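Have a look at the structure below before the remarks.
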Amino acid sequence: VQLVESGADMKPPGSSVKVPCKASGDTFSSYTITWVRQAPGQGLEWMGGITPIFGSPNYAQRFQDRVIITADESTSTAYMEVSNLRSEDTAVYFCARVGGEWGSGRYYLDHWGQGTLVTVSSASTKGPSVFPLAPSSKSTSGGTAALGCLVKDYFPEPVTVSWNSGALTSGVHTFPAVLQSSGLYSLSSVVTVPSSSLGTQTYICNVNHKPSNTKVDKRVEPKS
Amino acid sequence: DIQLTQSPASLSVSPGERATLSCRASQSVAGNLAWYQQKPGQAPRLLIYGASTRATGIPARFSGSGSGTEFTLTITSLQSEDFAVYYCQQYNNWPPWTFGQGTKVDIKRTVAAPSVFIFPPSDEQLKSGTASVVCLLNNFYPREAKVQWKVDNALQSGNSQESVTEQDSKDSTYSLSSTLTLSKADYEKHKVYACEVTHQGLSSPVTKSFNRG
Amino acid sequence: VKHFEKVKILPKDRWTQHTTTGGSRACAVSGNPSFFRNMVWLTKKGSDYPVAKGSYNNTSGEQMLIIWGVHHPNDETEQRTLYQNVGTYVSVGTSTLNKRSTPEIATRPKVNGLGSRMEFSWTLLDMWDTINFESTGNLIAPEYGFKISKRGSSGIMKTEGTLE
Amino acid sequence: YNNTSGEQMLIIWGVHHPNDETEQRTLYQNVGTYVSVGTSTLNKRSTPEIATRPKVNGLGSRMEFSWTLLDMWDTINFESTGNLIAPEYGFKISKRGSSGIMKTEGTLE
Ligand SMILES: *[C@@H]1O[C@H](CO)[C@@H](O[C@@H]2O[C@H](CO)[C@@H](O)[C@H](O)[C@H]2NC(C)=O)[C@H](O)[C@H]1NC(C)=O
Ligand SMILES: *[C@@H]1O[C@H](CO)[C@@H](O[C@@H]2O[C@H](CO)[C@@H](O)[C@H](O)[C@H]2NC(C)=O)[C@H](O)[C@H]1NC(C)=O
């Protein structure tokens, strides 16, 4: 049985969202749709649930009155609406189904959605600023010296980073991006190279942000 | 108010080394306990319910066990897809949707010390009014590690931000970046910036520091 | 019986402060989840179950059979989600009758998938007499009553086939 | 207990009715307890009745027993926060018919 939902939502703080959850398969609708939430890197948290026949949904102590859950049994879809968003409300919102039928004691969640990511940011499309992380006396360890690029303040995802137009593969670690307090993404890409290649081999990081249509190639020089 | 605690938080086990997980509750949730598997980037898949019986479509490597306060999850021979996060859900006390923090299973390999590198902010960035100090930990195992920020011999608080790659395709190791950010002026107000690390490598605490200028 | 006539006494839509909707697929009509036709399952409305009252003064010129029920949940969870409160009660009173029942929450073997139960009681409401339903939860209310008359009693025969 | 002995089973349990709150507290730690027994057919809940009664064998407290017939392939469910007097044994049973009880005082030959 397939619970399918909308995906990838981007909203400003102080605005509302409404995450739909459509039920395909054998629709009983005497079964309870449960809403679960997962902040990036953190665990799962029950937000509430609704059973279409009985109406009158439940809410956890934390998301009580901060959220409201409805359902349309004619369209076989359940909605979880978050009134008035905050930066901390940026998370994934799963809709699950239970073993169902109140009185069965089987209150495990047997079916799920794919999840809906709600990124709460007041920004719009913005190209990244690229800064060099220069290899120095501190960035070198014996034979290997490391260097990188700071891809700061862009929106939204994704951003693609290559080194020397794809000529450099080994030793490259491009990190997962993070959302900042500004509601702006930022990440770093790092290479480990032979310490002796500085002064001979030129290292350029090529950053691509298709949403803003900006293509930045940044050269990284060593320091002393 | 049932408390669910899973130990260990992270589990390091070889492919076929028979991984065993443990969930423990503050009170007795009797026979009503479920296990979920969440592979990174996806929704949780139901594995075990009723602490013993397993859900439809689930292979037989997964075996639940236990009752009362202590439970257990068993995977006989690990696999490719079997490296992920596992949660336990109690359902006796209202509300029956309290979850456990979870246990992360990764690929067991030889103990790897990181290589600690540190970068000062770019002058090109300083012109923009902000300053970003970056501390890098390269190629380490296991994922468990701690990073301390120290400016002018003073501990930083809430200005840090960290990002970790997943387990590498080849050598199955981790990399972590820790960037502290200041305004340009505040950056110019101090001299020595330092990040200290405790993973393993003469068993702590190798540090990396630069004097401003 | 000399006379048996089903009449409406407490209409389903008379409860504006509760949810008359509700049922399970253990009682299913056309694959859809449903419930007993002449019964009403009162649940919470607006995340609140205020005390449900109901009365019927009998004037059909005959004695009336009236059937009600209470819900015995399998667990506290369904008690809370459905009737919003624990420590509820069902109260039924007439001139002769004074009966109070409480929900009995406990885990039972599964019958038609449910560990919960529904216990029904009945009464004969005399002519010109009123009945009083009063419950803070778990009440399964009658929507209909039955006019009844008897000249005498009889029996019940098991045959399996053909009235001629 | 899920019944598989191939026969109907007689099962007997009991609840404790204390003489005073003191023995209730010292024994079962809590007041406002309950005993719950359920099967497919059975749903019975009993509460402790704490009150001072005349002494029988020195005790003012009482033990009230109930029983049931657990069908084949059927489960029974005991659940109690106190005062439960649990069965350790059940009794397999069969009947072709009923009989009676005779008082004689002496000698089966
Ligand atoms: C129930 O209804 C009956 C009428 O259907 C009521 O009986 C009458 O009450 C009025 C008002 O006092 C009297 O004048 C009549 O003499 C009564 N008729 C009969 C049956 O003889 C009865 O009062 C109602 N019960 C209540 C109080 O709800
Ligand atoms: C009680 O035990 C009996 C067996 O002794 C169980 O009955 C069997 O249940 C299995 C699993 O569904 C079925 O495959 C068999 O067909 C059943 N056998 C019979 C009696 O025909 C029964 O399920 C148990 N009760 C529970 C659920 O605790």
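Chain labels run A, B, ... following the order of the structure tokens; each chain numbers its residues from 1, and ligands are numbered from 1 in the order shown.
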
message: Residues of chain C within 12 Å of chain B, counting only C-alpha atoms - could you list those as a ChimeraX atom specification?
response: /C:74-81,86,106-107

- prompt: Could you pull the residues within 12 Å of residue B:49, counting only C-alpha atoms, minus those fewer than 6 positions along the same chain, as a list in words?
  reply: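 The residues that qualify are residues 98, 99, 105, 106, 107, 108, 109 and 110 of chain A; 31, 32, 33, 34, 35, 36, 55, 56, 58, 62, 63, 64, 65, 66, 71, 73, 87, 88, 89, 90 and 91 of chain B.
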
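Taking atom CA of residue A:222 and atom CA of residue A:206 as the two end points, the separation is 17.5 Å.
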
field: For atom CA of residue C:40 and atom CA of residue C:18, the interatomic separation in Å (one decimal)
entry: 10.6 Å

Contact residues (chain A, partner chain B, 9 Å, only C-alpha atoms) as a ChimeraX atom specification: /A:42-46,60,94,105-115,129-136,138-141,145-147,150,173-178,180,187-188,190,192

Would you give me, as JSON lines, each residue of chain C having an atom within 8 Å of an atom of chain A, along with its shortest atom pair and that distance in Å to one decimal, using only C-alpha atoms and sorting by chain and residue number?
{"residue": "C:19", "atom": "CA", "partner": "A:54", "partner_atom": "CA", "distance": 6.7}
{"residue": "C:21", "atom": "CA", "partner": "A:53", "partner_atom": "CA", "distance": 6.0}
{"residue": "C:22", "atom": "CA", "partner": "A:53", "partner_atom": "CA", "distance": 5.0}
{"residue": "C:23", "atom": "CA", "partner": "A:53", "partner_atom": "CA", "distance": 7.3}
{"residue": "C:24", "atom": "CA", "partner": "A:30", "partner_atom": "CA", "distance": 6.3}
{"residue": "C:25", "atom": "CA", "partner": "A:30", "partner_atom": "CA", "distance": 7.3}
{"residue": "C:32", "atom": "CA", "partner": "A:28", "partner_atom": "CA", "distance": 6.7}
{"residue": "C:33", "atom": "CA", "partner": "A:30", "partner_atom": "CA", "distance": 6.4}
{"residue": "C:43", "atom": "CA", "partner": "A:54", "partner_atom": "CA", "distance": 6.8}
{"residue": "C:44", "atom": "CA", "partner": "A:56", "partner_atom": "CA", "distance": 6.7}
{"residue": "C:45", "atom": "CA", "partner": "A:56", "partner_atom": "CA", "distance": 5.6}
{"residue": "C:46", "atom": "CA", "partner": "A:56", "partner_atom": "CA", "distance": 5.4}
{"residue": "C:47", "atom": "CA", "partner": "A:56", "partner_atom": "CA", "distance": 5.4}
{"residue": "C:73", "atom": "CA", "partner": "A:103", "partner_atom": "CA", "distance": 6.1}
{"residue": "C:74", "atom": "CA", "partner": "A:103", "partner_atom": "CA", "distance": 5.0}
{"residue": "C:75", "atom": "CA", "partner": "A:105", "partner_atom": "CA", "distance": 6.9}
{"residue": "C:78", "atom": "CA", "partner": "A:102", "partner_atom": "CA", "distance": 5.7}
{"residue": "C:81", "atom": "CA", "partner": "A:58", "partner_atom": "CA", "distance": 6.9}
{"residue": "C:82", "atom": "CA", "partner": "A:54", "partner_atom": "CA", "distance": 7.5}
{"residue": "C:107", "atom": "CA", "partner": "A:105", "partner_atom": "CA", "distance": 7.9}
{"residue": "C:110", "atom": "CA", "partner": "A:104", "partner_atom": "CA", "distance": 7.2}
{"residue": "C:113", "atom": "CA", "partner": "A:104", "partner_atom": "CA", "distance": 6.0}
{"residue": "C:114", "atom": "CA", "partner": "A:104", "partner_atom": "CA", "distance": 4.6}
{"residue": "C:115", "atom": "CA", "partner": "A:103", "partner_atom": "CA", "distance": 5.4}
{"residue": "C:116", "atom": "CA", "partner": "A:103", "partner_atom": "CA", "distance": 5.0}

Selection above as a file: N, CA and C atoms, as a short mmCIF file (atom, residue, chain, number, x, y, z; two decimals), in the first residue's frame:
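The resulting file, selection.cif, is reproduced below:
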data_model
loop_
_atom_site.label_atom_id
_atom_site.label_comp_id
_atom_site.auth_asym_id
_atom_site.auth_seq_id
_atom_site.Cartn_x
_atom_site.Cartn_y
_atom_site.Cartn_z
N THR C 19 -19.42 13.00 17.72
CA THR C 19 -19.26 12.40 16.40
C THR C 19 -20.12 11.15 16.28
N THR C 21 -20.55 9.68 13.46
CA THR C 21 -19.82 8.87 12.50
C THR C 21 -18.97 7.86 13.27
N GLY C 22 -18.46 6.86 12.58
CA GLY C 22 -17.55 5.93 13.22
C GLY C 22 -17.99 4.48 13.19
N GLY C 23 -17.00 3.61 13.08
CA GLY C 23 -17.23 2.18 12.99
C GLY C 23 -15.92 1.51 12.63
N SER C 24 -15.99 0.22 12.32
CA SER C 24 -14.80 -0.53 11.94
C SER C 24 -15.14 -1.36 10.71
N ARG C 25 -14.14 -2.06 10.17
CA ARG C 25 -14.39 -2.90 9.01
C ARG C 25 -14.78 -4.32 9.44
N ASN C 32 -16.72 -1.12 2.72
CA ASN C 32 -16.48 0.03 3.58
C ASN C 32 -16.67 -0.29 5.05
N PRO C 33 -15.93 0.39 5.93
CA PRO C 33 -16.14 0.23 7.37
C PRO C 33 -17.48 0.83 7.80
N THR C 43 -18.31 9.45 19.69
CA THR C 43 -16.91 9.73 19.97
C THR C 43 -16.73 11.22 20.22
N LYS C 44 -15.48 11.67 20.36
CA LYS C 44 -15.21 13.07 20.65
C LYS C 44 -15.32 13.95 19.41
N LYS C 45 -15.72 15.20 19.62
CA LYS C 45 -15.78 16.19 18.56
C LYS C 45 -15.06 17.47 18.98
N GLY C 46 -14.10 17.90 18.17
CA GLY C 46 -13.31 19.08 18.47
C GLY C 46 -12.32 18.83 19.60
N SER C 47 -11.79 17.61 19.65
CA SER C 47 -10.91 17.17 20.73
C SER C 47 -11.51 17.41 22.11
N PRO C 73 -12.69 -0.82 25.89
CA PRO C 73 -11.48 -0.70 25.08
C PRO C 73 -10.43 -1.76 25.38
N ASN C 74 -9.53 -1.98 24.42
CA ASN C 74 -8.42 -2.90 24.58
C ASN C 74 -7.24 -2.26 25.31
N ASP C 75 -7.12 -0.94 25.17
CA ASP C 75 -6.00 -0.21 25.74
C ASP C 75 -6.36 1.24 26.02
N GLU C 78 -6.79 3.83 22.83
CA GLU C 78 -8.04 4.01 22.10
C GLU C 78 -9.08 4.72 22.97
N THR C 81 -7.96 8.47 22.59
CA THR C 81 -8.16 8.99 21.23
C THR C 81 -9.63 9.11 20.84
N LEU C 82 -10.47 8.25 21.40
CA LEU C 82 -11.88 8.22 21.03
C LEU C 82 -12.77 9.08 21.92
N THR C 107 -6.54 -5.75 27.94
CA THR C 107 -6.14 -6.43 26.71
C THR C 107 -6.73 -7.84 26.65
N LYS C 110 -8.00 -11.58 20.41
CA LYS C 110 -8.61 -10.90 19.28
C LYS C 110 -9.80 -11.67 18.69
N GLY C 113 -10.39 -9.48 15.00
CA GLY C 113 -9.27 -8.56 14.97
C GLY C 113 -9.20 -7.60 16.14
N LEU C 114 -10.32 -7.44 16.84
CA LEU C 114 -10.40 -6.50 17.96
C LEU C 114 -10.19 -7.16 19.31
N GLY C 115 -9.48 -6.47 20.19
CA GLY C 115 -9.32 -6.90 21.57
C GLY C 115 -10.32 -6.19 22.46
N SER C 116 -10.99 -5.19 21.89
CA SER C 116 -12.01 -4.44 22.61
C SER C 116 -13.36 -5.16 22.52
#

Env. residues ligand 1 / 9 Å / only C-alpha atoms and all ligand atoms / as a PyMOL selection string: chain C and resi 55-61+127-130

Just the selected residues (N, CA, C and O atoms), exported as a short mmCIF file (atom, residue, chain, number, x, y, z; two decimals), in the first residue's frame, please.
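And here is the file that came out, result.cif:
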data_model
loop_
_atom_site.label_atom_id
_atom_site.label_comp_id
_atom_site.auth_asym_id
_atom_site.auth_seq_id
_atom_site.Cartn_x
_atom_site.Cartn_y
_atom_site.Cartn_z
N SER C 55 -32.86 12.04 26.26
CA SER C 55 -34.05 11.50 26.90
C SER C 55 -35.15 11.23 25.89
O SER C 55 -35.21 11.84 24.82
N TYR C 56 -36.03 10.29 26.23
CA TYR C 56 -37.20 9.99 25.43
C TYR C 56 -38.41 9.73 26.31
O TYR C 56 -38.43 8.77 27.08
N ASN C 57 -39.41 10.59 26.19
CA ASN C 57 -40.69 10.38 26.84
C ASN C 57 -41.56 9.54 25.92
O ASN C 57 -41.81 9.92 24.78
N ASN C 58 -42.01 8.38 26.39
CA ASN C 58 -42.70 7.42 25.53
C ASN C 58 -44.19 7.69 25.29
O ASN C 58 -44.99 7.62 26.21
N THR C 59 -44.54 8.00 24.05
CA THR C 59 -45.93 8.08 23.64
C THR C 59 -46.13 7.45 22.28
O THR C 59 -46.19 8.15 21.26
N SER C 60 -46.23 6.13 22.26
CA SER C 60 -46.57 5.42 21.04
C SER C 60 -47.78 4.55 21.37
O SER C 60 -48.32 3.83 20.52
N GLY C 61 -48.19 4.63 22.63
CA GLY C 61 -49.36 3.92 23.12
C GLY C 61 -49.05 2.49 23.46
O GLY C 61 -49.94 1.70 23.75
N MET C 127 -45.33 2.97 29.09
CA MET C 127 -46.03 4.07 28.45
C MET C 127 -45.97 5.32 29.34
O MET C 127 -46.00 5.22 30.57
N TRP C 128 -45.88 6.48 28.69
CA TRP C 128 -45.81 7.78 29.37
C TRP C 128 -44.61 7.92 30.30
O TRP C 128 -44.58 8.81 31.15
N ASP C 129 -43.61 7.06 30.12
CA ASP C 129 -42.42 7.10 30.96
C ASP C 129 -41.21 7.57 30.17
O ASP C 129 -41.11 7.33 28.97
N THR C 130 -40.30 8.26 30.85
CA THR C 130 -39.12 8.82 30.20
C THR C 130 -37.89 7.96 30.48
O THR C 130 -37.82 7.30 31.52
#

Expected answer as JSON, numbers by chain: strand (DSSP E or B) residues in stretch 34-221 of chain A: {"A": [34, 35, 36, 37, 38, 45, 46, 47, 48, 49, 50, 51, 55, 56, 57, 58, 59, 67, 68, 69, 70, 71, 72, 77, 78, 79, 80, 81, 82, 91, 92, 93, 94, 95, 96, 97, 98, 109, 110, 111, 117, 118, 119, 120, 126, 129, 130, 131, 132, 133, 140, 141, 144, 145, 146, 147, 148, 149, 150, 151, 152, 153, 154, 155, 160, 161, 162, 163, 168, 173, 174, 178, 179, 185, 186, 187, 188, 189, 190, 191, 192, 193, 194, 203, 204, 205, 206, 207, 208, 209, 214, 215, 216, 217, 218, 219, 220]}

field: All residues having an atom within 7 Å of ligand 2 (only C-alpha atoms and all ligand atoms) as a ChimeraX atom specification
entry: /D:2-4,73-75

Restrict the selected residues to N, CA, C and O atoms and save them as a short mmCIF file (atom, residue, chain, number, x, y, z; two decimals), in the first residue's frame.
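File written: result-v8.cif
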data_model
loop_
_atom_site.label_atom_id
_atom_site.label_comp_id
_atom_site.auth_asym_id
_atom_site.auth_seq_id
_atom_site.Cartn_x
_atom_site.Cartn_y
_atom_site.Cartn_z
N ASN D 2 -2.45 -19.53 26.06
CA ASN D 2 -3.12 -20.03 24.88
C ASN D 2 -3.34 -21.53 25.05
O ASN D 2 -2.38 -22.27 25.25
N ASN D 3 -4.59 -21.97 25.00
CA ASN D 3 -4.92 -23.36 25.33
C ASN D 3 -4.70 -24.37 24.21
O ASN D 3 -5.37 -24.33 23.18
N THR D 4 -3.76 -25.28 24.41
CA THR D 4 -3.59 -26.42 23.53
C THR D 4 -3.31 -27.68 24.33
O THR D 4 -2.16 -28.10 24.47
N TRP D 73 -7.83 -23.76 21.82
CA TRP D 73 -7.18 -22.77 20.96
C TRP D 73 -7.49 -21.32 21.34
O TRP D 73 -7.28 -20.41 20.55
N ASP D 74 -7.99 -21.12 22.56
CA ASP D 74 -8.34 -19.79 23.03
C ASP D 74 -7.38 -19.32 24.11
O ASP D 74 -6.86 -20.13 24.89
N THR D 75 -7.14 -18.02 24.16
CA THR D 75 -6.19 -17.44 25.11
C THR D 75 -6.94 -16.80 26.27
O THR D 75 -8.07 -16.34 26.12
#

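Interatomic distance, atom CA of residue C:138 against atom CA of residue C:119: 10.4 Å.
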
message: Using only C-alpha atoms, I'd like every residue of chain C that has an atom within 7 Å of chain D; please write them out as number ranges by chain.
response: C: 104, 106, 108-109, 111

- request: May I have the residues within 7 Å of stretch 22-33 of chain D as a ChimeraX atom specification, using only C-alpha atoms and disregarding those fewer than 4 positions away in the same chain?
  value: /D:18,47-48,81-83

I need the chosen residues saved as a short mmCIF file (atom, residue, chain, number, x, y, z; two decimals), in the first residue's frame, with C-alpha atoms.
data_model
loop_
_atom_site.label_atom_id
_atom_site.label_comp_id
_atom_site.auth_asym_id
_atom_site.auth_seq_id
_atom_site.Cartn_x
_atom_site.Cartn_y
_atom_site.Cartn_z
CA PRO D 18 -8.24 -6.44 52.60
CA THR D 47 -11.70 -4.22 42.42
CA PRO D 48 -10.34 -4.68 45.95
CA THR D 81 -2.17 -3.73 39.49
CA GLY D 82 -2.72 -5.63 42.72
CA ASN D 83 -4.80 -8.04 44.79
#

message: Using only C-alpha atoms, can you tell me which of C:103, C:84, C:39, C:93 comes closest to residue C:9?
response: C:39

message: Could you list, as a PyMOL selection string, every residue within 10 Å of residue D:51, counting only C-alpha atoms and ignoring same-chain residues fewer than 3 positions away?
response: chain D and resi 17-21+48+60-62

message: DSSP on the backbone, helix (DSSP H, G or I) only: what residues of stretch 12-202 of chain B does that give? Format it as a ChimeraX atom specification.
response: /B:123-126,184-188

Write a file of the selected residues as a short mmCIF file (atom, residue, chain, number, x, y, z; two decimals), in the first residue's frame, keeping N, CA and C atoms.
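Everything below was put into part.cif:
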data_model
loop_
_atom_site.label_atom_id
_atom_site.label_comp_id
_atom_site.auth_asym_id
_atom_site.auth_seq_id
_atom_site.Cartn_x
_atom_site.Cartn_y
_atom_site.Cartn_z
N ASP B 123 41.63 36.71 3.02
CA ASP B 123 41.60 38.17 2.99
C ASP B 123 40.48 38.61 2.06
N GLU B 124 40.24 37.82 1.02
CA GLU B 124 39.17 38.07 0.07
C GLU B 124 37.81 38.05 0.77
N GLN B 125 37.69 37.17 1.77
CA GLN B 125 36.48 37.09 2.58
C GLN B 125 36.40 38.21 3.61
N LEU B 126 37.53 38.54 4.21
CA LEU B 126 37.59 39.58 5.24
C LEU B 126 37.05 40.92 4.75
N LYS B 184 34.54 40.26 10.94
CA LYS B 184 35.92 40.64 10.66
C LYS B 184 36.57 41.33 11.85
N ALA B 185 35.82 42.25 12.46
CA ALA B 185 36.32 43.03 13.59
C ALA B 185 36.66 42.14 14.78
N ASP B 186 35.73 41.25 15.14
CA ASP B 186 35.95 40.31 16.24
C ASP B 186 37.13 39.39 15.95
N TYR B 187 37.31 39.05 14.68
CA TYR B 187 38.44 38.23 14.26
C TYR B 187 39.75 38.97 14.45
N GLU B 188 39.73 40.28 14.21
CA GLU B 188 40.93 41.10 14.35
C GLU B 188 41.24 41.43 15.81
#

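Closest approach to chain D among B:30, B:4, B:167, B:13: B:30, based on only C-alpha atoms.
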
Residue A:212 environment, 8 Å, only C-alpha atoms, sequence neighbours closer than 6 positions dropped, as a list in words: residues 125, 126 and 127 of chain A

field: Residue contacts of residue C:118 (10 Å, only C-alpha atoms) excluding same-chain residues fewer than 3 positions away, as JSON, numbers by chain
entry: {"C": [68, 69, 70, 71, 72, 73, 103, 138, 139, 140]}

Based on the selection just made, write N, CA, C and O atoms of those residues as a tab-separated table (two decimals), in the first residue's frame.
chain	number	residue	atom	x	y	z
C	68	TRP	N	-29.25	-0.37	24.50
C	68	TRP	CA	-28.04	0.46	24.44
C	68	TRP	C	-26.80	-0.39	24.69
C	68	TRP	O	-26.91	-1.58	24.98
C	69	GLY	N	-25.63	0.22	24.58
C	69	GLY	CA	-24.38	-0.49	24.80
C	69	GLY	C	-23.26	0.39	25.32
C	69	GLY	O	-23.30	1.61	25.16
C	70	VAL	N	-22.27	-0.23	25.95
C	70	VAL	CA	-21.05	0.49	26.32
C	70	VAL	C	-19.82	-0.14	25.67
C	70	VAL	O	-19.83	-1.33	25.32
C	71	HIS	N	-18.77	0.65	25.50
C	71	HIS	CA	-17.55	0.17	24.85
C	71	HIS	C	-16.46	-0.15	25.87
C	71	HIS	O	-16.12	0.68	26.71
C	72	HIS	N	-15.93	-1.36	25.79
C	72	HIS	CA	-14.81	-1.78	26.63
C	72	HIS	C	-13.54	-1.86	25.80
C	72	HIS	O	-13.31	-2.84	25.10
C	73	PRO	N	-12.69	-0.82	25.89
C	73	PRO	CA	-11.48	-0.70	25.08
C	73	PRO	C	-10.43	-1.76	25.38
C	73	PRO	O	-10.43	-2.35	26.46
C	103	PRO	N	-16.35	1.94	31.69
C	103	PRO	CA	-15.52	1.27	30.69
C	103	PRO	C	-14.52	0.35	31.38
C	103	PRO	O	-13.93	0.73	32.40
C	138	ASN	N	-17.86	6.34	26.03
C	138	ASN	CA	-18.06	4.90	25.84
C	138	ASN	C	-19.51	4.47	25.57
C	138	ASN	O	-19.77	3.28	25.39
C	139	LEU	N	-20.43	5.42	25.53
C	139	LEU	CA	-21.83	5.10	25.27
C	139	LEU	C	-22.06	4.74	23.81
C	139	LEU	O	-21.60	5.44	22.90
C	140	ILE	N	-22.77	3.64	23.58
C	140	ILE	CA	-23.25	3.30	22.25
C	140	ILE	C	-24.77	3.45	22.26
C	140	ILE	O	-25.48	2.59	22.78
